[PDB]
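Respectively, the protein sequence lines represent chains C, S and R.
If you read the first sequence in the entry's author numbering, its first letter stands for residue 223, the second for the next number, and so on.
If you read the second sequence in the entry's author numbering, its first letter stands for residue 530, the second for the next number, and so on.
If you read the third sequence in the entry's author numbering, its first letter stands for residue 1650, the second for the next number, and so on.
Ideal Cβ placement from N, Cα and C applies to all residues, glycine included.
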Amino acid sequence: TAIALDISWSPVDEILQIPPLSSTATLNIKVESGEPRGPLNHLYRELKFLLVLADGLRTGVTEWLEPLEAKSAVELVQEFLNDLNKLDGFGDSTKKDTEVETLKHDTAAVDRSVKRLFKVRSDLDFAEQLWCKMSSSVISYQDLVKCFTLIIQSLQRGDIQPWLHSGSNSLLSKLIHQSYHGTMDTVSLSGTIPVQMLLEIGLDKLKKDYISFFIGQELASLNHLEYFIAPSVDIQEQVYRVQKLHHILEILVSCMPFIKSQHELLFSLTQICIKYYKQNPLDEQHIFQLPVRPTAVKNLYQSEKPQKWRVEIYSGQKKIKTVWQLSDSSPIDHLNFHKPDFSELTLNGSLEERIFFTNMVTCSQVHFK
Amino acid sequence: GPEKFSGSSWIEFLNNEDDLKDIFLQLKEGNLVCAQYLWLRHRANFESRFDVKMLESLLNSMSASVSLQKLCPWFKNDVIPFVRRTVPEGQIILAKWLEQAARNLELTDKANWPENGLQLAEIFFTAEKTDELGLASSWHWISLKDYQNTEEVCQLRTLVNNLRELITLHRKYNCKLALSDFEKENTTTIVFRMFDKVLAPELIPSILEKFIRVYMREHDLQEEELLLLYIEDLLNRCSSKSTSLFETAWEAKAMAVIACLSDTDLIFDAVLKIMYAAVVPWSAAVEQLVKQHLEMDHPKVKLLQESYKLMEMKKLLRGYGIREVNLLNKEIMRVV
Amino acid sequence: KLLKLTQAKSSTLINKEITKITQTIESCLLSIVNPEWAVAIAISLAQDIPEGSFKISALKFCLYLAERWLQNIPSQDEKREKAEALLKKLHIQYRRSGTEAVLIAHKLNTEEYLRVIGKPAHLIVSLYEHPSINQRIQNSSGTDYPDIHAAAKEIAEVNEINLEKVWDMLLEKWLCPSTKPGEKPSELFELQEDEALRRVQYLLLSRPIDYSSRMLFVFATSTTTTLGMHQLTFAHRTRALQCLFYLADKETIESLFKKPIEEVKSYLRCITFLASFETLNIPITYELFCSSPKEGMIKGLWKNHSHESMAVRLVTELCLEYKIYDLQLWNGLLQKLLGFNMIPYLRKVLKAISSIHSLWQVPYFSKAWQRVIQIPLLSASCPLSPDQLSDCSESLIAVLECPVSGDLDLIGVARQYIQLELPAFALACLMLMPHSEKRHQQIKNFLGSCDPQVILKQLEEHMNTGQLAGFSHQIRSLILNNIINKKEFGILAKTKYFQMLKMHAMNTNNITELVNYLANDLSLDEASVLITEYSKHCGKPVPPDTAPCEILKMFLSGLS
């Protein structure tokens, strides 16, 4: 994930000057796969668990993840059913949960500001609450069978009325609906069917979590997300489009601390990312080039030294040019000039020595007649 | 300007012949004034070369970062009329982009939305039709409707009408919805939503008379049948998903609608439908309603007492752990 | 319930109750052994029933009971005639009620339409003359309009009259009008402004395009109609072909003529010209075009027919399409158009030929621009109507669209605008001169005699709309730069433009005099905020919480 601002201006008024606001600034953003160091970690981990199931359905081999909790999946399902049965009758047990929260540093303020935009939705149904407990402590194929058998028993006994959300892409919601209409047939759990029934819930959960942010932050509309949430494609391509949406999320979060001031920049970046993945597959090596206003990001390059500063003096065409460039790093990919060996040299409170690399691109014009 | 004058730029601009490249560069710069001036100074230059691909390039160089106050007048008199007079075949994409652009105003703006959205969406239809200048030789000067009745233009017209009715709802009826919400509902559901925006039961009849009945009589709609259907939908949205029996928001909203009814036949059966959806036993307000409706006389009060003893046997069955309603015939002996 | 039906907005709840009650009544009536009593009771019951589909059903049941009574009446009794005279009365009532229901369903409750129910053909003729038919083709915003096709068809079905005869009469009525004086050649050139063509196209919309296209093709080619023996004039052919261009697409038109769309357009031009000549009785026929390659016949037509205005127009419109651009021919053409005082047509012709280098050097070219620009300006006077202001804008556009506008007397046009109380329009013409020193002298002498605020208001109200938006900002830049150079900040200081006069100091870097005027002649707050905005714009922001005098001091030290 390299986010670098390239600023071009003409003419050059001073050597090594501060670029004015009349310059053209373009932000080149490359975003890698995965985000375990940001606020989306508890999403990506779940997505990674999804990546297991999306593969477990494809090949049948389920490489289970480590359980992040103490209890097993079946115990969580049993107590989740018991509490909801108490809510429906003989019960409505109430819990009190007070936990200590604190800040680490002033950057935690921005981290929390980004976290609340991807916070768990205030409205959760039966399926997403089941998935939340089933996205961290499922380590065997027998657990899925036991959990779905418990759900079947609860639905048949008519003990609970699960809370549901619109869209009902998962078959379990349809099973609940048919249980609302009397008694249903006995559901069989064979092959990769138990994997797929659980997979169908995480897709809806992640789609709702995405939509609560895109429309919630006015960064995308239903039409903008229609191509990615379209159920006309197979489930593997649905997971692939979820991957693309998560990569767009990673693109946006990596740039929120920088261009938060202007809503236009955050909206244009989101639209460019959406239009890219509408017609292109998932690409992490692609560098998105967003032209940004130098006025809004003028405080970011007035406090940073340039990695490379270049002056190019030419006449008419750019075939004949004289370039003087200064780079704090090596601009050569086949040579390395000798920096001082920092062994037995300065290893104290004094700063390390730095040798700046200056390169002069000259040429010789030959007239062909 | 004169302060940017230079020989290298002057000769380069003189050698430039594709006048559209400068306009595209200005559009990408967000400088609409210079783009309009370059359009004006070269009106007859690219007129003989106007086709679909250059218009697509113009729309692609067009970005969503400029003010519409200097753009809408430019579309109404300069861009859209020129497209209509020169290439009517380009009226599709020019509409389609606009169909997106107005929808983009749903996210770019919220204060002037959808008034700015309406005035940008209507700019295609409100553009002047070239019918007064005298030249019948270039028969494409008349904007034929063979390209105005296409699917994209029809959808854009439907969107314009939807924006008109949306402004009517925002200002007059005080029913504020999203564009996608209004794109998938009907008059009955709009009536339901006007009550949905209302939370206080006391103001339900006042607003009903104020705007909802006016909307009703403007489209030949029924009052009491729609009130009963609203009660049914309120029951369905709560009781069907009711995991916890504390969603009493439907009872308070339904009592006011019951008070709004004028037909005695449609009151008792509405209360029965409340009975047939509420979980046995009901709450305190519903208990007051039942005791009230037992007191007056009606031929359906016998049906109400039938439903009352139905509630009693449901209470017995659910106190003995049998929660199914109306076991058919064979499990009666087993229950006994 | 029937009385409540006449006032209720909706009927979905009363329809079922009325249906049950009417079914009970019908069951009571159908069990009567005597059918005469049943008829006498049903007719009385149906009379009290108000209008609607219920009235139609009641009349149908009365007809059924009359049929049952007729079956019980042998042909040797006097009750046969009494039953039949009543059966035809019930039929008259049925045909009245069926038409009334269709008329009400389409929101047609006028007394004239209700009176004409005994003449179904005349009622259908009146239906197809509805203004909404013209409105549908004029305005394209269709949301709610009465369907004439759905109304007339059902009215004819109820009245048991074939719609084919009525449609045949309607086709003859408008598409082939008789030789009565109401025709002018100006209306023939623009047939879209006619309500009859819209009605013909609307009538042809209902029937399939396959038959209508062939019928219009036969009208545009043959001398006799497909409806009778009446002769087909060239105006009828032009109207029929323009209907074909509106309904049929390119493929359908090309499938019939077996010609490219350009050839069909040329045939349309030829037949329009022939119709215009036939209206004024000019013996120019179709055989004048299908021979004698175009250069020679165009030159001969210009030689023989240089005295008629419409012959000059015929030569002009043929030279534009067939691409004959002789310099002397166009010198004659442009001069003769102004000889007939066709100033807007001459403007259109000049703007059509404003992209050819050969015609830019015609001796009448610059002469044609000058009079076309000035004549609408000379005819106009204060106050300015919207048409006159639009004509002034057209004259300014003609100044813009003219590539040799530097050869025109722009001081004269500017003074004409001055006589029109339009300083902004006068400055627009003054700015476009190719001479720099004279332009600078004239602008300095002009802007010192006109109020800049009024000029800017005129720029905002009219110059920023249409095609003049890009040049209005440049006129504004000239005006504000002159104001800054003349130390005339006080003129706009009391108005809303002073802040705008601030930002133009940003873009042109002409802030020194404005800052000096604000610091010396006005309050220091506006100077300090101005300098702070300037520093924020240039990338060297002044730190906040600074006194206005200190900010002025750094600004003064920043100018050295």
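Quick one: Cα of residue i to Cα of residue j, how far?
i                      : j                : result
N581 of chain C        : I2160 of chain R : 40 Å
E1842 of chain R       : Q1672 of chain R : 55 Å
residue 866 of chain S : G850 of chain S  : Because residue 866 of chain S is not part of the residues shown, which for chain S are 530 to 865, the question remains open.
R742 of chain S        : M723 of chain S  : 11 Å
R852 of chain S        : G404 of chain C  : 11 Å
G2115 of chain R       : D660 of chain S  : 17 Å
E2182 of chain R       : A224 of chain C  : 34 Å
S812 of chain S        : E824 of chain S  : 19 Å
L1923 of chain R       : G1831 of chain R : 18 Å
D347 of chain C        : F611 of chain S  : 54 Å
Mapping DSSP to helix, strand and coil, what is residue i?
i                       : result
residue 1600 of chain R : Nothing can be reported for residue 1600 of chain R: it is not among the residues displayed for chain R, which extend from 1650 to 2209.
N589 of chain S         : helix
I1681 of chain R        : coil
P453 of chain C         : coil
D333 of chain C         : helix
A518 of chain C         : coil
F711 of chain S         : helix
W546 of chain C         : strand
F510 of chain C         : strand
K541 of chain C         : strand
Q524 of chain C         : coil
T1873 of chain R        : strand
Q2091 of chain R        : helix
How should residue i be labelled, buried or exposed, when 16 other C-beta atoms within 10 angstroms of its C-beta is the threshold for buried?
i                : result
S395 of chain C  : buried
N1808 of chain R : buried
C1939 of chain R : exposed
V865 of chain S  : exposed
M1864 of chain R : buried
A2154 of chain R : buried
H1885 of chain R : buried
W539 of chain S  : exposed
What are the boundary residues of the beta strand (DSSP E) that includes residue i?
i               : result
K252 of chain C : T246 to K252
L227 of chain C : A224 to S230
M582 of chain C : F579 to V583
Between which two residues does the alpha helix (DSSP H) containing residue i stretch?
i                : result
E459 of chain C  : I457 to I481
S376 of chain C  : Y363 to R379
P416 of chain C  : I415 to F436
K843 of chain S  : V830 to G848
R532 of chain C  : Segment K530 to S537 is the beta strand (DSSP E) holding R532 of chain C; no alpha helix (DSSP H) there.
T697 of chain S  : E680 to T697
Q1977 of chain R : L1976 to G1988
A656 of chain S  : Where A656 of chain S is concerned, there is no enclosing alpha helix (DSSP H), given that its DSSP letter is neither H nor E.
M2080 of chain R : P2072 to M2080
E448 of chain C  : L444 to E448
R1847 of chain R : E1844 to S1855
**Request:** Taking a Cβ distance cut-off of 8 Å, strictly less, list which residues of the region 2111-2134 of chain R are near chain B, in chain order.
**Result:** Structure shown: chain B not included; protein chains present are C, S and R.
**Asked** Are the region 2044-2063 of chain R and the region 1998-2018 of chain R touching by the rule of at least three beta carbon pairs closer than 8 Å?
**Response** yes
**Request:** Examine the Cβ distances between the region 532-542 of chain S and the region 523-535 of chain C and report whether three or more of them are shorter than 8 Å.
**Result:** no
**Prompt:** Three or more beta-carbon pairs under 8 Å between the region 778-794 of chain S and the region 748-763 of chain S, yes or no?
**Reply:** yes
**Prompt:** Between the region 481-492 of chain C and the region 510-518 of chain C, do three or more beta carbon pairs fall short of 8 Å?
**Reply:** yes
**Prompt:** Can we say the region 458-475 of chain C touches the region 227-244 of chain C, given the rule of at least three CB pairs closer than 8 Å?
**Reply:** no
**Prompt:** Do the region 273-286 of chain C and the region 336-346 of chain C meet, that is, are 3 or more Cβ pairs less than 8 Å apart?
**Reply:** no
**Request:** Spell out a yes or no on whether the region 2125-2140 of chain R and the region 2091-2109 of chain R are touching, meaning 3 or more CB-CB pairs, one atom from each, closer than 8 Å.
**Result:** yes
**Item:** Cβ contact (3+ pairs, closer than 8 Å) linking the region 647-665 of chain S and the region 683-698 of chain S
**Value:** yes
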